[PDB]
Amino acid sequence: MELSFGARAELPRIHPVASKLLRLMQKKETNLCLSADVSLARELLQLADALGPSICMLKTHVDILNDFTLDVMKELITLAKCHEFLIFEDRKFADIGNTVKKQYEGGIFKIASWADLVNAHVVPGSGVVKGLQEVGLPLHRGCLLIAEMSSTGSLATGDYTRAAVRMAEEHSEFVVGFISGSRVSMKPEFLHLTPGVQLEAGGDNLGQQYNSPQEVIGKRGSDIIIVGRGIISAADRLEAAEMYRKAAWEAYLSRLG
């Protein structure tokens, strides 16, 4: 039997970051993660402020921000705390353990100092998670494993996807769920976040493929939709985010019965 997000937030084995996320999703009636793929700090902060009430999470690509500074991230955290959403840096860590630990803690971005969540590819084997958790666990962070991808020709299928699920289950002190196109784990403590989402059918011309909120939340069992251009390219971004939120939320309600 399917548990509500609010019930899942209280599960004995729930990770604290997942619990915080699930509580705010239930409170705000949102399972929408905004992909804020912008090149200017001022745009990132403007979108975070305007759309924060509608989202459970803001997904960043800090390596595309032309004017990144750590002060920009302090301010983004202020917005996150005010509007109540988590920050997910879509770094897709994919190196050996010794390297990802430095990529996560250090350099100019100091990602672990501000991202509630990050993600990682499972291709290197479990050392990728072991390296990240050395940094993440003291800093009370979580990680999502990339179990499937939305893009055409993705090799994250079959036994690869199964390997991701097993890695997550063996590292549940740090891994809180998955980037996937559908539910891949039956354990309710794991979150499923699904990119490649738009209301209408289609793709882009660099291999992105889209499915609808109803398909991915309702039929495929995922928890959260990740939406970028579907919102950002709209004339009215506030209305667009509300359309996506209401779509994802009602799809969740229906599955829950």
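Each residue number is its position in the shown sequence, starting from 1. Each form is matched to the other, and the largest set of C-alpha atoms that superpose within 1.5 Å is called the rigid core.
Across the superposed structures in 5 other deposited structures of this protein, aligned by the core, the stretch whose Cα atoms lie more distant on average is 97-105, chosen from 174-182 and 97-105. For the segment pair 85-93 and 176-184, the entry gives 176-184 the higher mean B-factor, averaged over Cα atoms. Two stretches are in play, 160-168 and 104-112, and the higher mean C-alpha B-factor belongs to 160-168.
Per the deposited record, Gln46 carries the highest C-alpha B-factor of all listed residues (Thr30, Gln46, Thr194, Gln198). The PDB entry assigns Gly203 a C-alpha temperature factor belonging to the highest third of its chain's modelled residues.
In this PDB entry, the Cα temperature factor of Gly142 sits in the bottom third of its chain's modelled residues, the lowest group.
Among all modelled residues in this chain, the alpha-carbon of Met243 has a temperature factor (C-alpha) in the middle third. In this PDB entry, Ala120 carries a Cα temperature factor that places it within the lowest third of its chain's modelled residues. Annotation for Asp37: C-alpha temperature factor in the highest third relative to the rest of the modelled chain, per the entry.
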